[PDB]
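One structure is given below, encoded as C-alpha cells.
Here is the naming used below: chain letters follow the sequence lines, and residue numbers restart at 1 for every chain. Scope of the values below: all heavy atoms of this structure, side chains included, with no hydrogens, waters or symmetry mates. Each ligand, and each atom within it, is numbered from 1 in the order the structure gives.
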Amino acid sequence: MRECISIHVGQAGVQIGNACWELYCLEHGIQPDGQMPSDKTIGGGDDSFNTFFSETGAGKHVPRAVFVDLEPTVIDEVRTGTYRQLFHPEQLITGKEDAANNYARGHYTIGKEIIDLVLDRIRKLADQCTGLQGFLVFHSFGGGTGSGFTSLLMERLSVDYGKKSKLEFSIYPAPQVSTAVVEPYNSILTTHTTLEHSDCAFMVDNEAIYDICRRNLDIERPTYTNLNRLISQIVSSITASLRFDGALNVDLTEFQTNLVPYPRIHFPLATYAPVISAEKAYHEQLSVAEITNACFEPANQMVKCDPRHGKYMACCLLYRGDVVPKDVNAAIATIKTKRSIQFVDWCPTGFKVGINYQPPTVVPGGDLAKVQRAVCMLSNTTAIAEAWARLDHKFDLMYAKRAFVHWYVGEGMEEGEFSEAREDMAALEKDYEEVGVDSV
Amino acid sequence: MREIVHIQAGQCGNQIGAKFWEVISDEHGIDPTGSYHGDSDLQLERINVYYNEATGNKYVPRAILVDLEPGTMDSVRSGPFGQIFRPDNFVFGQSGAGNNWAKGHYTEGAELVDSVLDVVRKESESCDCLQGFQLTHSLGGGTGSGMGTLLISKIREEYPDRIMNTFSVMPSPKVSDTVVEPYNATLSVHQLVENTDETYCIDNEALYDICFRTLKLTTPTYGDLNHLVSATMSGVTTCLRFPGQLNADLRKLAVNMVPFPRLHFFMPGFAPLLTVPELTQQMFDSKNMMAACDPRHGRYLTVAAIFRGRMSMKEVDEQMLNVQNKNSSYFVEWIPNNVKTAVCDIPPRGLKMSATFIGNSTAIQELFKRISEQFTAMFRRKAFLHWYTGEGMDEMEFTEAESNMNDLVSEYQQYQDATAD
Amino acid sequence: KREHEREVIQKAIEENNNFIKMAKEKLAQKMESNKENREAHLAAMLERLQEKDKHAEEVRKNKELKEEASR
Ligand SMILES: Nc1nc2c(ncn2[C@@H]2O[C@H](COP(=O)(O)OP(=O)(O)OP(=O)(O)O)[C@@H](O)[C@H]2O)c(=O)[nH]1
Ligand SMILES: *[C@]12O[C@@]3(C)CC[C@H](OC(=O)[C@@H]1[C@H]1[C@@H]4[C@H]5[C@H](O)[C@@H](C)[C@H](O)[C@@H]5C=C(C)[C@@H]4C[C@H]13)[C@H]2C
Ligand SMILES: Nc1nc2c(ncn2[C@@H]2O[C@H](COP(=O)(O)OP(=O)(O)O)[C@@H](O)[C@H]2O)c(=O)[nH]1
Ligand SMILES: [Ca+2]
Ligand SMILES: [Mg+2]
Ligand SMILES: [Mg+2]
C-alpha cells in the first residue's frame with residue numbers, strides 16, 4: 001500500500017537516480033546486493049520502506065524504479081556499477097541514439113520508438129503495487145530526452161493512470177555545466193507540455209547547487225557527482241516522510257495540500273541546511289535554531305530567486321534527526337520576529353512542521369559532513385517565478401531571430417508550438433503576479 | 001557505438017586524410033599494423049567511432065579513399081600507415097580530373113561514384129548506430145571539389161537523416177598557381193551550402209601565413225601546411241573520440257554550432273603556434289585562425305573551445321568567462337551562452353597543453369568575398385569556360401553558383417548587423 | 001441529498017474521463033501532425049536531390065551532343 005514509482009529520464013535523471021538510490025540503501029541498511037538483514041519479513045511486507053522497495057522471495061529489496069535513456073552509455077554504468085545487483089535488467093531501458101539536445105527528437109522522432117516499451121515496464125511495476133500512490137519523475141529541463149521524452153511520458157502517464165499523482169524533480173539549466181545552447185527552448189517546451197500533467201514539481205537550479213558546493217563545501221569546480229550527492233540529500237529529505245514512519249512524521253501529501261493553492265501554482269522552493277564540510281562540522285554542532293535560520297538564507301535555496309521580494313503562500317519545515325518540537329517552536333518564534341516573512345493576505349501564516357527522527361546519512365567518500373539534524377524548507381513563494389522569467393528572456397532573445405529553430409522544424413515541429421509554449425509561460429508568470437496581489 | 005564513416009577524395013583529401021589517421025592513430029595507441037599498444041583505457045573507450053574492430057584485435061580505420069588517378073593513393077599505401085587501411089576501401093580511376101570541377105562532378109567523377117557508394121554502403125551496413133560522414137577534400141582541384149561534392153549529394157540521398165561533415169581546403173594563390181581554382185571553389189561552395197551540416201574551412205591562405213609569418217618558414221611545403229591541418233583536425237574531433245560531455249557526437253555539435261542551416265562554415269583555430277590565460281588569448285587571436293579572417297571584423301554566432309592536457313579546470317572556466325566579458329561586443333547578444341568549453345586530459349603529441357577553437361563567425365564572409373572577387377575577375381571575361389562547357393555545363397550554372405555564394409555573404413552580414421533591442 | 005451525492009461522484013468520474021480522453025486525443029493529433037511534417041521535409045529534401053540528378057543527366061546529354069554533333 002502507498003507505493004511510489006520513481007522514473008529517471010535522461011542523463012541527469014539517471015545519475016541523480018544513482019545518487020538517490022545509493023543514499024536510500026544506506027539510510028535503510030540495504031546492501032548493494034539488495035539484502036537487508038534488519039528486515040525479518042522475507043519476500044514482502046508493509047513497512048514504511050516498502051513504499052520505495054519491493055521484495056523478492058530470495059530477500060532482495062528492489063527499487064520501485066525505471067531508468068530510461070535514449071542512448072546506452074549512462075545506464076550502462078548502472079548495469080556494471082556498484083549497485084547492479086539492485087535492479088532487474090528490465091528496469092534499465094536504453095535506446096541506441098539520443099535526442100541530440102533536441103526536444104523534438106526526445107518527444108517525437110526518437111522517443112516514440114521506445115515509449116510503448118517504457119510504459120510496459122512501468123505497468124509491470126504498478127501491477128506489483130497494492131495501493132500505488134503515484135510517480136516521482138527525475139529529469140533535466142535542458143537535455144533532449146529530459147525535456148522531450150519526459151513530456152511524452154507524462155502525457156502517456158496521464159492517459160494510463162488517470163489523475164494518479166505525478167511529482168517531478170526537474171534540473172533547471174545553468175551555464176556553468178550546461179551542454180546545449182538550445183536549453184532555454186527545451187525548458188519552455190517541456191514546462192508548457194507537462195504543466196497540466198504534473199501535480200507538484202521541485203525545480204533544482206544547477207547554478208544554485210553549484211554555488212553551494214563552491215561556497216559551502218570548498219569545491220573548486222563541482223562535478224555532477226558533487227552536485228548529485230547534494231541533490232540526493234534534498235530529495236531524501238522530501239521523500240523521508242514516505243519511507244520512514246514516526247509520531248511526528250507528516251506525509252508529503254499533507255504538505256502538498258498546503259503547497260498547491262491552484263493547480264498551476266505547483267512549484268515549491270526548496271531550501272536545505274546544513275551543508276558543511278567535515279572540517280567545519282568537526283568543531284561545531286549545528287542546533288535546531290541554527291539550521292532553521294539557515295533555511296531563510298537565500299544562499300541555501302535550490303533555486304536562485306529572492307523570496308524577500310515576493311510573497312509567501314505556504315511555508316513547510318521538514319526536519320530529520322535529533323529534533324524535538326520544543327526547539328522547533330522556539331526557533332520559529334525567533335525567526336518570526338527577526339525575519340519579516342510576508343504572506344499573501346488570503347492564506348494563513350503558520351509554518352507547517354514535520355519531524356522524521358531517522359538521522360541524516362552520507363555516502364562514504366563524499367564532501368558533506370555527517371550531521372545529527374537537518375532540515376528542508378518547502379515554501380510556495382511568488383519569487384520562484386523569477387526562474388521562469390530568466391528562462392523566458394533567453395528564449396525570447398533566440399526565438400526573435402528563430403535561431404536554431406530549423407533543428408526542431410526539421411524533426412516535424414511547427415513554429416506554432418514555440419509561440420504556444422511561450423504564451424503559456426507568459427500566462428504562468430502572470431498567474432504568479434495575480435496570486436500575490438491583495439484581495440478587495 | 002556511434003560510428004563515423006570517413007571519406008577522403010582527391011590529392012589534397014587523401015594527403016590530409018592520411019596525416020589525420022596518422023595523428024589520431026598515435027593518440028589512440030594504434031600502430032601501423034592495426035594493433036593497440038597504449039597505456040590508458042581512455043584510448044579505447046570510443047575507438048569504435050573511427051575504427052572497426054577486426055579479428056586478432058586489429059583496428060581498421062572506417063575510411064574510404066577516392067581519387068580519379070592512382071598516384072596519390074599509391075603513395076598513401078606505402079606511406080607510414082599505408083598497411084592500416086582496408087585494401088578494398090581504395091577506389092581510384094585512371095582518366096583523372098584535370099583540376100576540372102565539371103570532370104569531377106559530371107563526367108569522370110560520375111562514372112566512378114557508384115563504385116564509391118558500394119564501399120560506403122558496406123561500411124555503413126555494419127554500423128551499430130551510424131552518426132554520419134566526414135569528408136576531407138580540397139575545393140580548388142577537380143576530384144575532391146567536383147566528385148567530392150557529388151559524393152555528398154549521393155550519400156545524402158541514401159542517408160538523409162545522418163550528419164554530413166567536411167574538412168574543405170580553400171584555395172589561395174599563395175600556395176597553388178592553378179588559375180581556375182576560384183571556379184572550382186565557387187562551384188563547390190554552391191554545393192556545400194546546400195548539402196552539408198558542418199564544414200571546417202581549412203584555408204591554405206591562413207596556413208601559408210602561419211607558416212611564413214609565425215613559424216618563420218620562407219618556403220612552406222605541403223608537409224608544413226598539413227602539419228597544421230592534422231593538428232587542427234585532431235583537435236576538433238577530440239570531443240568525438242574521447243569520453244566527454246560537450247559536443248560528443250556530430251549531431252549535438254551541429255545543434256550547438258549551427259543556428260541557421262546555411263551558416264555552417266566554421267573558422268577553426270589552434271594554440272599554441274605557457275599559461276592558461278595566454279592559451280585562451282592566443283586561441284581567440286586572428287593569427288591563430290586556420291581561415292584567413294579576422295574575428296574582430298565580425299561577430300560570433302557560436303563558439304566551441306577544447307582544451308587538452310592537465311590544467312586547472314577552475315582557471316579555464318575563469319579565463320573563458322574573462323575573454324567573453326572583455327570581448328562582449330564580438331558575440332551576438334541574441335544567442336545567450338553561445339560559447340561552450342570542453343576539457344580533455346590527454347594532450348596532443350609534442351605539447352603539454354593545447355587549445356582548439358571552432359568559431360561560427362560572420363567574419364567568415366571575408367573568406368568567401370576573397371573567392372568571389374577572384375571568381376568574378378575571370379568570369380567577367382568568360383576566361384577558361386570552355387573547359388567546363390566542354391563537359392556539358394552551361395554558363396548559367398556559373399552565374400547561379402556566384403549568386404548563391406553572394407547570398408551567403410549577405411546572410412552572414414544580416415546576422416552580424418542584427419540586434420537584440 | 002442522496003441524489004446530490006450521486007451527482008457529485010459521477011461528475012468527478014466524468015471530469016477524470018474527459019481529462020484522459022482529451023489528453024489521448026491531443027497526443028494522437030500531435031504525433032500524427034509531427035509524423036506528417038517530418039515525412040514532408042524528408043520528401044522535399046529527396047526531391048531536390050533528385051532534381052540535381054536530372055540536371056546531371058542534361059549535362060552529360062549536353063556534352064554528348066557537343067561531341068558527336070560537332071565531330
Ligand atoms: N545536476 C545534474 N545535472 C545534470 C547531470 N547530467 C546532465 N545535467 C544537466 O542536464 C542538462 C543536459 O541534459 P541531459 O540530461 O544530459 O540530456 P539527456 O536527458 O540525456 O538528453 P539527450 O542527451 O539530448 O538525449 C544540462 O543542463 C546539464 O547540466 C547530472 O548528473 N546532474
Ligand atoms: C606542430 O606544429 C608546430 C607549429 C607547433 C605545435 C604542434 O607541436 C609541434 O611539435 C609541431 C612543431 C613542428 C616543428 C618541431 O618543433 C621541429 C622538430 C620542426 O621545426 C617541426 C616542423 C614543423 C612544421 C612543426 C612546427 C611546430 C604541432 C601541430
Ligand atoms: N593544405 C594542402 N593543400 C593541398 C594539398 N594538396 C593539394 N592541395 C590544394 O588543393 C588544391 C588542388 O586540388 P587537388 O586536391 O590537388 O585536386 P584533385 O586531386 O583533383 O582533387 C590546390 O589549391 C592545392 O593548394 C595538401 O597536401 N595540403
Ligand atoms: Ca519485508
Ligand atoms: Mg543524453
Ligand atoms: Mg593536384
> Can you find a protein heavy atom closer to atom 2 (O) of ligand 2 than 4.0 Å?
Replying inline: yes
> Where does the angle between the aromatic ring planes of A:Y103 and A:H107 fall among parallel (under 30°), tilted (30 to 60°) and perpendicular (over 60°)?
Replying inline: parallel
> At what distance is the nearest protein heavy atom to atom 24 (C) of ligand 3, and which residue and atom is it?
Replying inline: B:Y222 OH, 3.2 Å
> Any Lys/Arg nitrogen of B:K252 or A:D98 sitting under 4.0 Å from an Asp/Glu carboxylate oxygen of the other?
Replying inline: yes
> Which atoms of ligand 3 sit under 4.0 Å from any heavy atom of B:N99?
Replying inline: 17 (O)
>> Among all protein heavy atoms in this structure, tell me which lies nearest to atom 15 (O) of ligand 3, with the distance rounded to 0.1 Å.
In response: B:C12 N, 2.9 Å
>> Determine whether any protein heavy atom is located less than 4.0 Å from atom 15 (C) of ligand 2.
In response: no
>> Taking salt bridge (charged side-chain N to carboxylate O under 4.0 Å, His left out) as the cut-off, I'd like each qualifying pair that reaches into residues 278-291 of chain B, sequence neighbours left out, listed once.
In response: none
> Is B:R2 paired with A:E71 through a side-chain N to carboxylate O contact shorter than 4.0 Å?
Replying inline: no
> What protein heavy atom sits nearest atom 6 (C) of ligand 2, and how far off is it?
Replying inline: B:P272 O, 4.0 Å
> Any idea which protein heavy atom is nearest atom 4 (C) of ligand 2, and the distance to it?
Replying inline: B:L215 CD1, 3.3 Å
>> Starting from atom 11 (C) of ligand 3, what is the nearest protein heavy atom, named by residue and atom, and what distance separates them?
In response: B:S138 OG, 3.6 Å
> Hey, looking at atom 21 (O) of ligand 3, which of B:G141, B:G144, B:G146 has the closest heavy atom?
Replying inline: B:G144
> With distance as the sole criterion, is a donor-acceptor pair present between the side chains of A:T94 and A:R79 under 3.5 Å?
Replying inline: yes
>> For atom 9 (C) of ligand 3, what's the nearest protein heavy-atom neighbour? Residue, atom name and distance, please.
In response: B:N204 ND2, 3.8 Å
> Looking only at protein heavy atoms, which one is nearest to atom 10 (O) of ligand 2, and how far off is it?
Replying inline: B:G350 O, 4.0 Å
> Does atom 29 (C) of ligand 2 have a protein heavy-atom neighbour under 4.0 Å away?
Replying inline: yes
>> Using a 4.0 Å cutoff against the non-hydrogen atoms of B:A231, which atoms of ligand 2 qualify?
In response: 29 (C)
>> Is there a polar contact between ligand 2 and B:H227, counting only N or O atoms under 3.5 Å apart?
In response: yes
> With atoms numbered from 1 as shown, which atoms in ligand 3 lie under 4.0 angstrom from a non-hydrogen atom of B:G10?
Replying inline: 19 (O), 21 (O)
> Would you say the side-chain atoms of B:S188 and B:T149 include a donor-acceptor pair closer than 3.5 Å?
Replying inline: no
>> Side chains of B:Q374 and B:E181: any donor to acceptor distance under 3.5 Å?
In response: no
>> Tell me whether B:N226 has any N or O atom under 3.5 angstrom from an N or O of ligand 3.
In response: yes
>> Only heavy atoms of B:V175, strictly under 4.0 Å: list the atoms of ligand 3 that pass.
In response: 25 (O)
> Considering only protein heavy atoms, which is closest to atom 24 (C) of ligand 2, and at what distance to one decimal place?
Replying inline: B:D224 OD1, 3.8 Å
>> Is it the case that the ring center of B:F384 lies less than 6.0 angstrom away from the ring center of B:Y183?
In response: no
> At a 4.0 Å threshold, what atoms of ligand 3 neighbour a non-hydrogen atom of B:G142?
Replying inline: 17 (O), 18 (P), 20 (O), 21 (O)
> Under 3.5 Å, side chain of B:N184 to main-chain N/O of B:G140, donor-acceptor pair present?
Replying inline: yes
> If you measure from the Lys or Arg side-chain nitrogens to the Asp or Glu carboxylate oxygens, is any gap between A:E97 and A:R105 under 4.0 Å?
Replying inline: yes
>> Can you report which non-hydrogen protein atom sits closest to atom 23 (O) of ligand 3, along with the distance?
In response: B:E181 OE2, 2.9 Å
> Once the angle between the rings of B:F20 and B:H6 is folded into 0 to 90°, is it parallel (under 30°), tilted (30 to 60°) or perpendicular (over 60°)?
Replying inline: parallel
>> Looking only at the side chains, is there a donor atom on one of A:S147 and A:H139 sitting less than 3.5 Å from an acceptor on the other?
In response: no
> Going by the atom numbers of ligand 3, which of them fall below 4.0 Å from some non-hydrogen atom of B:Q11?
Replying inline: 15 (O), 16 (O), 18 (P), 19 (O), 21 (O)
>> Using a strict threshold of under 4.0 Å (side-chain N to carboxylate O), is an ion pair present between B:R310 and B:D345?
In response: no
> Which atoms from ligand 3 have a heavy atom of B:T143 less than 4.0 Å away?
Replying inline: 18 (P), 20 (O), 21 (O)
> Quick one: is the NZ or CZ of B:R162 closer than 6.0 Å to the six-membered ring centre of B:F133, and within 45° of its axis?
Replying inline: no
> Protein heavy-atom contact under 4.0 Å for atom 19 (C) of ligand 2?
Replying inline: no
